[PDB]
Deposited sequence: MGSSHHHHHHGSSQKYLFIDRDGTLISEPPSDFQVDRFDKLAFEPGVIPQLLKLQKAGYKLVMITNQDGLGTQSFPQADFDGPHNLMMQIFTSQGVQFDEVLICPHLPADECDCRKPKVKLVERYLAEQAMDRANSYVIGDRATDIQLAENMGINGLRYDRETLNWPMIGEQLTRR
């Protein structure tokens, strides 16, 4: 059964800016993310992106402002051979108290896979809580202390 990696976007795949990648000039890739995701794919992991984008589609974060950098990030990954099976987004504000905001598991219900060998990889405590809620492993990404080369090595 399938090994999955459920991977956070902001602060994990790309750098976390006001916490919104709403301009092209705010886009920056995390070190080693491409070669390591390629390594992880070769080892048999399928990749799923999962992200909370607070207030996506509002005055404070229009969909168009999100789309440009996001679509470009996706181009870059895809052209280099990194493929995400799905990109799962919660667009809600915390105050909305919605059903889909990480660490709630709604976005990933369908997956609820080889649980023993699947991971959430993200840079926040809420990513680790998502792993607990899904009943799978959690890796707390840190650019300095638990980064892409380390994860690539560990999981292969």
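Peer 1: Which parts of the deposited sequence have no C-alpha atoms in the model?
Peer 2: No coordinates exist for the deposited residues in 1 to 12, 30 to 31, 127 to 130, 175 to 176, so these stretches are absent from the model.
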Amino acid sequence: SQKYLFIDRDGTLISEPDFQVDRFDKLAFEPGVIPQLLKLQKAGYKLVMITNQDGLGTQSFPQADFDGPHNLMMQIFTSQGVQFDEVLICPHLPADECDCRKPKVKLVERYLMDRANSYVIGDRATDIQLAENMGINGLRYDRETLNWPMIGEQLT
From here on, numbers count along this sequence of modelled residues.
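The term rigid core refers to the most C-alpha atoms you can superpose between the two forms while keeping them within 1.5 Å.
Peer 1: Fitting on the core, do the C-alphas of 54 to 62 or of 100 to 108 deviate more in 4 other deposited structures of this protein?
Peer 2: Stretch with the higher C-alpha RMS distance in 4 other deposited structures of this protein: 54 to 62.
Peer 1: Averaging C-alpha B-factors over each stretch, which comes out higher, 20 to 28 or 7 to 15?
Peer 2: Per the PDB record, 20 to 28.
Peer 1: When the Cα temperature factors in the entry are averaged, is it 96 to 104 or 34 to 42 that ends up higher?
Peer 2: Stretch with the greater average CA B-factor: 96 to 104.
Peer 1: Highest Cα B-factor in the PDB entry belongs to which of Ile128, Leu112, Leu88, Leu47?
Peer 2: Of the candidates given, the C-alpha B-factor peaks at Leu112.
Peer 1: Grab the CA temperature factor for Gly55 from the record and place it in the lowest, middle or highest third of its chain.
Peer 2: As the PDB entry reports it, the C-alpha B-factor of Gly55 lands in the middle third of its chain.
Peer 1: Would the CA B-factor of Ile136 place it in the lowest, middle or highest third of its chain?
Peer 2: Ranked within chain, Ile136 CA B lands in the highest tercile.
Peer 1: Lowest, middle or highest third: where is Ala116 by C-alpha B factor in its chain?
Peer 2: Top third by C-alpha B-factor.
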